[PDB]
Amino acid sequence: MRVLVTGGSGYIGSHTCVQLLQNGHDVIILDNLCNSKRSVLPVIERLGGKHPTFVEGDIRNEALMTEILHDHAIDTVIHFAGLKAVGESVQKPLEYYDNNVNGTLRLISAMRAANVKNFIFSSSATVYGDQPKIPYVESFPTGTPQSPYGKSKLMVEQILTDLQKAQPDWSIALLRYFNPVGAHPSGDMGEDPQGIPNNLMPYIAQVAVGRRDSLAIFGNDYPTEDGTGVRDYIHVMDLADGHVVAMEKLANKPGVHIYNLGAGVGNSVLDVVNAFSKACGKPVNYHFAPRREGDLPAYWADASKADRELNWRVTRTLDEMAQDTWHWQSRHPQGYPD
């Protein structure tokens, strides 16, 4: 298939592009490079074994989106582009609503203009809100996310759902990600955050590489087995594969197809730290700090639906996630080159 991958040079998108190319699809990447570098391009082509076309541009530019869609005879669009720092979203809400809500709106408006009707959206478990019932199931009603970022994802899901109702021939997948971690097994592609990493895995990796002192563990008084927060970590390669399958199986299948993409099990902060210490060959330094504002104690996905309907399930383990992260971190301590 001919697929436009917005945000294709970013963390999740880069890995997904490699898997798509490996499956022989024709890939066009659209990215504004605000949170990624052109230096990943050659890696995607190498690892993917096929050349992906790259277009530098912004999803907010509807005219350009329309032109790309038409120009490349796109059949389906996988939408990863957006802003995603939770804390920053609190500080700079407008930028989040503009990039995520308006950005997706401009993109789907371009699709309508170009007669493209297959879409895959990067959603998040944040949409479940403060749900006491765990694991989270797609049949649960959504809640109210506590950050502008989380809200922006739920708003997009709603707009997409209304769009599908109005244009019933569309096939739209709402893929709710849990906690993406890991890196391509080659150790040559991975997450390359700029500045202070906000997520657990990269933070741990930077502590391990000797860039950071100690991992601050946000809270040790949670009602969990070891007192630390519990989450569903999913290897980026398993996520990538899930996108390829969703794209291939849902194309031209009208509806709003919602799937949680997670491992279906929870792991604590200590569990993750322990796995990383093992992977890097030295104890990861850490300390206990106060609970992070708004975090829940524990949640993970119920991934039965995707297994049943798409025959998809994760295959990489927690150790692999840690190992692959360390390999990338260690092989490319400065990330992608400028």
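In this text, residue numbers run from 1 along the sequence as written.
Comparing average C-alpha B factors as deposited, tell me which of 112-120 and 172-180 sits higher.
For C-alpha atoms only, the mean B-factor is higher in 112-120.
Mean CA temperature factor from the deposited coordinates, higher in 297-305 or in 37-45?
Between 297-305 and 37-45, it is 37-45 that shows the higher mean C-alpha B-factor.
Whose CA atom has the top B-factor in the entry, of 145, 229, 266, 255?
Of 145, 229, 266, 255, 266 has the highest C-alpha B-factor.
Among 30, 272, 280, 63, which residue carries the highest C-alpha B-factor recorded in the PDB entry?
The listed residue with the largest C-alpha B-factor is 280.
Chain thirds of CA B-factor: placement of residue 7:
As the PDB entry reports it, the C-alpha B-factor of residue 7 lands in the lowest third of its chain.
Ranked by Cα temperature factor within the chain, is residue 207 in the lowest third, the middle third or the highest third?
Its C-alpha B-factor, which the entry lists for residue 207, ranks in the middle third among residues of this chain.
Third of chain Cα B-factors occupied by residue 219:
Within its chain, residue 219 is a lowest-third residue by C-alpha B-factor, going by the deposited values.
Which third, lowest, middle or highest, does the CA B-factor of residue 322 fall in along this chain?
Its C-alpha B-factor, which the entry lists for residue 322, ranks in the highest third among residues of this chain.
Third of chain Cα B-factors occupied by residue 90
Ranked within chain, residue 90 CA B lands in the lowest tercile.
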